[PDB]
Amino acid sequence: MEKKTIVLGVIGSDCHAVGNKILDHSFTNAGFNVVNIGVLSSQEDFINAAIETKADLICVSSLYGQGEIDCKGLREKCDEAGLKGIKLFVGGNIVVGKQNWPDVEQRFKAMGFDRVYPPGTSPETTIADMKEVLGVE
């Protein structure tokens with residue numbers, strides 16, 4: 001791929017745009033091609049931003065404690081979508097609140113989601129994450 005496109009969608013319902021109004025702005029500001037898929041959005045649409053742009057990474061934004069409940073195997077759905085190579089981020093209220101890292105990353109990484117941000121994360125982590133991951137910083 002020519003550039004690194006990140007595609008962030010706020011997944012499932014129970015989402016106004018909280019921590020996804022300036023939390024998107026951060027990434028767009030980070031010099032990334034950042035496609036705002038929209039607050040409340042299906043994964044076949046995030047996939048669609050990866051078809052459109054050529055995503056290197058696909059982010060889900062969880063604001064409802066059910067991040068996993070939809071998201072599980074978007075890496076594999078991206079894989080499945082003929083968009084294999086994409087490494088995924090999953091951030092926010094990834095589990096109900098948030099459980100415990102050893103178990104949680106075992107969950108996410110088993111599906112393929114490489115990196116797990118907590119609920120109420122600085123975007124500096126996510127930016128430093130995509131940089132460090134994608135041969136930057």
# chains A, B, ... in the order shown; residues from 1 in each chain; ligands from 1
>>> select_by_dssp(residues="stretch 12-122 of chain A", states="alpha helix (DSSP H)", output="PyMOL selection string")
chain A and resi 23-28+43-53+67-71+74-80+101-111
>>> residues_around(residues="stretch 42-44 of chain A", least_positions_apart="5", cutoff="12 Å", atoms="only C-alpha atoms", output="PyMOL selection string")
chain A and resi 7-13+37+49-52+58-61+67+70-83+88
>>> select_by_dssp(residues="chain A", states="strand (DSSP E)", output="PyMOL selection string")
chain A and resi 5-11+33-41+55-62+87-92+115-117
>>> closest_residue(among="A:69, A:1, A:111, A:6", to="residue A:33", atoms="only C-alpha atoms")
A:6
>>> residues_around(residues="residue A:105", least_positions_apart="5", cutoff="9 Å", atoms="only C-alpha atoms", output="PyMOL selection string")
chain A and resi 100+110+113-116
>>> residues_around(residues="residue A:95", least_positions_apart="2", cutoff="9 Å", atoms="only C-alpha atoms", output="compact mmCIF listing (two decimals) with N, CA, C and O atoms, in the first residue's frame")
# COMPACT_ATOMS: atom_id res chain seq x y z
N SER A 62 -15.14 1.58 20.91
CA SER A 62 -16.14 0.96 21.76
C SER A 62 -16.52 1.97 22.86
O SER A 62 -15.65 2.49 23.55
N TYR A 64 -19.51 1.32 24.90
CA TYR A 64 -20.73 0.60 25.26
C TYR A 64 -20.46 -0.75 25.95
O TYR A 64 -21.40 -1.47 26.29
N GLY A 65 -19.16 -1.06 26.16
CA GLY A 65 -18.79 -2.26 26.92
C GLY A 65 -19.02 -3.57 26.15
O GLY A 65 -19.06 -4.64 26.74
N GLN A 66 -19.19 -3.42 24.82
CA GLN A 66 -19.52 -4.56 23.96
C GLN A 66 -18.66 -4.55 22.69
O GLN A 66 -19.08 -4.97 21.61
N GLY A 67 -17.43 -4.03 22.90
CA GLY A 67 -16.46 -3.85 21.84
C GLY A 67 -16.16 -5.15 21.10
O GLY A 67 -16.12 -5.21 19.88
N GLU A 68 -15.97 -6.19 21.95
CA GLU A 68 -15.66 -7.53 21.48
C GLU A 68 -16.88 -8.19 20.81
O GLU A 68 -16.75 -9.02 19.92
N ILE A 69 -18.06 -7.79 21.33
CA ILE A 69 -19.28 -8.53 21.04
C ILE A 69 -19.61 -8.49 19.54
O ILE A 69 -19.91 -9.52 18.95
N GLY A 92 -11.25 1.30 23.63
CA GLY A 92 -12.37 1.88 24.35
C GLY A 92 -12.86 0.93 25.45
O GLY A 92 -12.07 0.25 26.11
N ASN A 93 -14.20 0.91 25.58
CA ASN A 93 -14.92 -0.04 26.43
C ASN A 93 -15.08 -1.35 25.66
O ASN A 93 -16.15 -1.73 25.18
N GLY A 97 -16.95 -2.39 30.75
CA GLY A 97 -15.90 -1.57 31.36
C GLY A 97 -14.56 -1.91 30.69
O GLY A 97 -14.25 -1.46 29.60
N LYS A 98 -13.83 -2.77 31.43
CA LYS A 98 -12.66 -3.48 30.91
C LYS A 98 -12.23 -4.51 31.95
O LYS A 98 -12.08 -4.20 33.13
N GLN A 99 -12.06 -5.76 31.46
CA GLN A 99 -11.71 -6.88 32.31
C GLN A 99 -10.22 -6.78 32.74
O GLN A 99 -9.85 -5.90 33.49
N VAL A 104 -7.90 -10.50 28.15
CA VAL A 104 -8.57 -9.63 27.18
C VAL A 104 -7.82 -9.63 25.84
O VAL A 104 -8.43 -9.74 24.78
>>> decode(residues="stretch 1-46 of chain A", atoms="N, CA and C atoms", output="compact mmCIF listing (two decimals), in the first residue's frame")
# COMPACT_ATOMS: atom_id res chain seq x y z
N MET A 1 0.84 -1.19 0.00
CA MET A 1 0.00 0.00 0.00
C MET A 1 0.88 1.26 0.00
N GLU A 2 0.30 2.32 -0.60
CA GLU A 2 1.04 3.55 -0.87
C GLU A 2 1.28 4.32 0.44
N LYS A 3 0.16 4.47 1.17
CA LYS A 3 0.12 5.19 2.44
C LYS A 3 -0.52 4.28 3.48
N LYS A 4 -0.33 4.71 4.75
CA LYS A 4 -1.04 4.07 5.85
C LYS A 4 -2.35 4.83 6.07
N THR A 5 -3.42 4.09 5.70
CA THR A 5 -4.77 4.48 6.09
C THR A 5 -5.16 3.61 7.30
N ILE A 6 -5.65 4.34 8.31
CA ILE A 6 -6.38 3.89 9.45
C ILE A 6 -7.80 4.34 9.15
N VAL A 7 -8.67 3.46 9.60
CA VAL A 7 -10.08 3.57 9.40
C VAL A 7 -10.67 3.34 10.81
N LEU A 8 -11.34 4.38 11.38
CA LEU A 8 -11.92 4.17 12.72
C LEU A 8 -13.44 4.33 12.63
N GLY A 9 -14.11 3.29 13.19
CA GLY A 9 -15.56 3.29 13.28
C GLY A 9 -15.97 3.11 14.71
N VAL A 10 -17.09 3.75 15.10
CA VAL A 10 -17.59 3.46 16.44
C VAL A 10 -18.68 2.40 16.26
N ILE A 11 -18.38 1.29 16.94
CA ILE A 11 -18.96 0.01 16.60
C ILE A 11 -20.16 -0.24 17.51
N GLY A 12 -21.27 -0.58 16.83
CA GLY A 12 -22.49 -0.89 17.55
C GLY A 12 -23.12 0.41 18.00
N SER A 13 -24.22 0.24 18.75
CA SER A 13 -24.99 1.40 19.17
C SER A 13 -24.41 1.93 20.50
N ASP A 14 -25.23 2.78 21.15
CA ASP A 14 -24.87 3.40 22.41
C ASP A 14 -23.56 4.21 22.25
N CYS A 15 -23.70 5.21 21.35
CA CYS A 15 -22.56 6.01 20.93
C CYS A 15 -23.07 7.28 20.24
N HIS A 16 -22.88 8.40 20.98
CA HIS A 16 -23.17 9.72 20.45
C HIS A 16 -22.04 10.12 19.49
N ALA A 17 -20.88 10.33 20.15
CA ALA A 17 -19.59 10.59 19.52
C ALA A 17 -18.53 10.87 20.61
N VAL A 18 -18.80 10.29 21.81
CA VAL A 18 -18.02 10.62 23.00
C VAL A 18 -16.70 9.83 22.97
N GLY A 19 -15.61 10.62 22.98
CA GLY A 19 -14.28 10.04 22.78
C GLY A 19 -14.11 9.49 21.36
N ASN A 20 -14.82 10.18 20.44
CA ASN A 20 -14.84 9.92 19.01
C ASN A 20 -15.42 11.16 18.31
N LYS A 21 -14.74 12.28 18.63
CA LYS A 21 -15.09 13.58 18.06
C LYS A 21 -13.82 14.44 17.95
N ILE A 22 -12.97 14.27 18.98
CA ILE A 22 -11.62 14.82 19.00
C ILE A 22 -10.58 13.68 19.07
N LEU A 23 -11.11 12.49 19.43
CA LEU A 23 -10.31 11.27 19.45
C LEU A 23 -10.05 10.76 18.02
N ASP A 24 -10.97 11.15 17.12
CA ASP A 24 -10.70 10.97 15.69
C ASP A 24 -9.77 12.07 15.18
N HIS A 25 -10.02 13.31 15.69
CA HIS A 25 -9.27 14.50 15.28
C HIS A 25 -7.76 14.35 15.51
N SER A 26 -7.44 13.58 16.57
CA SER A 26 -6.07 13.33 16.98
C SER A 26 -5.28 12.56 15.91
N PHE A 27 -5.99 11.55 15.37
CA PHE A 27 -5.39 10.64 14.41
C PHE A 27 -5.26 11.31 13.04
N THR A 28 -6.29 12.13 12.73
CA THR A 28 -6.30 12.87 11.47
C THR A 28 -5.17 13.92 11.47
N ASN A 29 -5.02 14.50 12.69
CA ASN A 29 -3.96 15.43 13.06
C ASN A 29 -2.57 14.76 13.09
N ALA A 30 -2.55 13.40 13.21
CA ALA A 30 -1.30 12.69 13.46
C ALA A 30 -0.52 12.48 12.15
N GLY A 31 -1.07 13.10 11.08
CA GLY A 31 -0.54 12.95 9.75
C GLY A 31 -0.98 11.62 9.13
N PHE A 32 -2.05 11.02 9.73
CA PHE A 32 -2.51 9.75 9.18
C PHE A 32 -3.66 10.04 8.22
N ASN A 33 -3.78 9.14 7.21
CA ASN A 33 -5.02 9.13 6.46
C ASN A 33 -6.03 8.40 7.33
N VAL A 34 -6.99 9.20 7.83
CA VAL A 34 -7.91 8.68 8.82
C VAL A 34 -9.34 8.92 8.33
N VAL A 35 -9.94 7.77 7.96
CA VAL A 35 -11.29 7.71 7.43
C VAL A 35 -12.23 7.50 8.62
N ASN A 36 -13.06 8.54 8.85
CA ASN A 36 -14.08 8.46 9.88
C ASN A 36 -15.32 7.80 9.24
N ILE A 37 -15.45 6.51 9.61
CA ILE A 37 -16.45 5.61 9.05
C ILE A 37 -17.86 6.02 9.49
N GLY A 38 -17.88 6.73 10.65
CA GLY A 38 -19.10 7.26 11.23
C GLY A 38 -19.33 6.61 12.58
N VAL A 39 -19.98 7.40 13.47
CA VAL A 39 -20.34 6.87 14.77
C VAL A 39 -21.64 6.06 14.60
N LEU A 40 -21.58 4.84 15.18
CA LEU A 40 -22.49 3.75 14.84
C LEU A 40 -22.25 3.35 13.37
N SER A 41 -21.61 2.17 13.25
CA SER A 41 -21.12 1.71 11.97
C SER A 41 -20.85 0.20 12.07
N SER A 42 -21.19 -0.47 10.94
CA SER A 42 -20.93 -1.89 10.78
C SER A 42 -19.52 -2.08 10.23
N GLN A 43 -18.95 -3.24 10.61
CA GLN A 43 -17.62 -3.66 10.18
C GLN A 43 -17.49 -3.90 8.68
N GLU A 44 -18.59 -4.28 8.00
CA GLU A 44 -18.50 -4.36 6.54
C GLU A 44 -18.31 -2.97 5.88
N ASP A 45 -18.58 -1.90 6.69
CA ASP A 45 -18.33 -0.52 6.26
C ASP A 45 -16.87 -0.11 6.50
N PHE A 46 -16.26 -0.72 7.54
CA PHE A 46 -14.86 -0.42 7.88
C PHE A 46 -13.92 -1.09 6.91
